[PDB]
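Colleague: Each residue of the sequence shown is one higher than the one before, starting from 139 at the first, in our numbering.
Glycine included, every Cβ here is placed at the ideal spot set by N, Cα and C.
I have a structure here, written as structure tokens, and I will follow up with some questions on it.
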Amino acid sequence: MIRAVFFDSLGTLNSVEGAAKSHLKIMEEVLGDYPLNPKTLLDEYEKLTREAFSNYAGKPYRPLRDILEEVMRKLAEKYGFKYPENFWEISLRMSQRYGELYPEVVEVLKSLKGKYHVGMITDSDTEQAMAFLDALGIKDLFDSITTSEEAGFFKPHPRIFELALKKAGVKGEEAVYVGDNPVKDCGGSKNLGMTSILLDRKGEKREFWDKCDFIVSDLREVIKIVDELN
């Protein structure tokens, strides 16, 4: 029986519109005066961060702050603007103001509380995760928060799931993992016998649907799936 439902953070609980708006504001702050289109800097940042996250997948942890800073330095050298030493702080400030949850997140986490352990499992640095959670006003909705920093490895390495399962005191087969990355989240979680749910709100990731037990376009189907399983 499913006793625990764990969630990814970025791309699963925060809206892409909120993530794009916050990140555009970050790049505007970074630049401005500087004659580079912030939307282009954002595109490049998103491209180079995707590549880095791909590079580190399943590998020993390195601080995401360091990886994102490395990217931003590369972009500053590329484009000839000054790397802002306080990029991490700017990123936090913009994410706090402009980040937004998908519309159903609170309703869904709330409906799970008390009935199932509700956890988060994220690749983010712990300070980043706590920041994410606090700013979006969802910290106390989670019974456990587990990060790649704590496990020592990035998704899909098993240890991040194993840690989360240990915090919750459940076995993998008693748990569901919901995420937006079919390989890292769904594939990763399945190695511990967890039930995997992909959030693909737009059906953009059909190419990798076969890596996931369930595909939802809305998190309200998560309760649907869990109740049906049990």
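(1) Per DSSP, residue 172 forms a beta bridge with which residues?
(2) If the criterion is Cβ atoms closer than 8 Å, does the pair residue 153 and residue 238 meet it?
(3) Figure out for me which residue from 319, 349, 281 has the closest Cα to the Cα of residue 303.
(4) Mapping the DSSP letters down to three states, classify residue 140 as helix, strand or coil.
(5) Would the region 143 to 153 count as touching the region 312 to 322 if we require 3 or more Cβ pairs under 8 Å?
(6) Residue 169 and residue 219 look like a contact to me (Cβ under 8 Å); what is the Cβ gap, rounded to whole Å?
(7) For residue 160, which residues in the same chain have their Cβ closer than 6 Å to its Cβ, ignoring the five residues on either side in sequence?
(8) Pull up the distance between the alpha-carbon of residue 182 and that of residue 209, whole angstroms please.
(9) Suppose the cutoff is 7 Å on Cβ atoms and the five residues either side in sequence are ignored; what does the same chain contact list for residue 322 look like?
(10) What does a CB cutoff of less than 6 Å around residue 334 pick up in its chain, not counting 5 residues either side in sequence?
(11) On a Cα-Cα basis, can you pick out the residue from 274, 269, 227, 201 that is closest to residue 241?
(12) Which residue marks the beginning of the beta strand (DSSP E) containing residue 283, and which one marks its end?
(13) Report the residue from 290, 179, 253 whose alpha carbon sits nearest the alpha carbon of residue 306.
(14) Could you check if residue 175 is buried or exposed, using at least 16 other CB atoms within 10 Å of its CB as the buried criterion?
Modeller: According to the data block:
(1) Beta bridge pairing from DSSP links residue 172 with 170.
(2) Taking 8 Å as the cut-off, the beta carbon of residue 153 is found closer than this to the beta carbon of residue 238.
(3) For residue 303, the nearest C-alpha among the options comes from 281.
(4) It is coil, neither helix nor strand.
(5) Put simply, the region 143 to 153 touches the region 312 to 322. At least three CB pairs are less than 8 Å apart.
(6) Confirmed, Cβ separation roughly 6 Å.
(7) Non-local beta-carbon contacts of residue 160 in its own chain, meaning distances under 6 Å to residues more than five positions away in sequence, involve 232, 233, 236, 237 in chain order.
(8) If you draw a straight line from the Cα of residue 182 to the Cα of residue 209, it comes to about 9 Å.
(9) 195, 293, 294, listed in sequence order.
(10) Excluding sequence neighbours, residue 334 sits near 315, 324, 327, 328, 350, 351.
(11) With distances taken between Cα atoms, residue 241 lies closest to 274.
(12) Note, residue 283: beta strand (DSSP E), 282 to 285.
(13) With distances taken between Cα atoms, residue 306 lies closest to 253.
(14) Exposed, by the Cβ-count rule.
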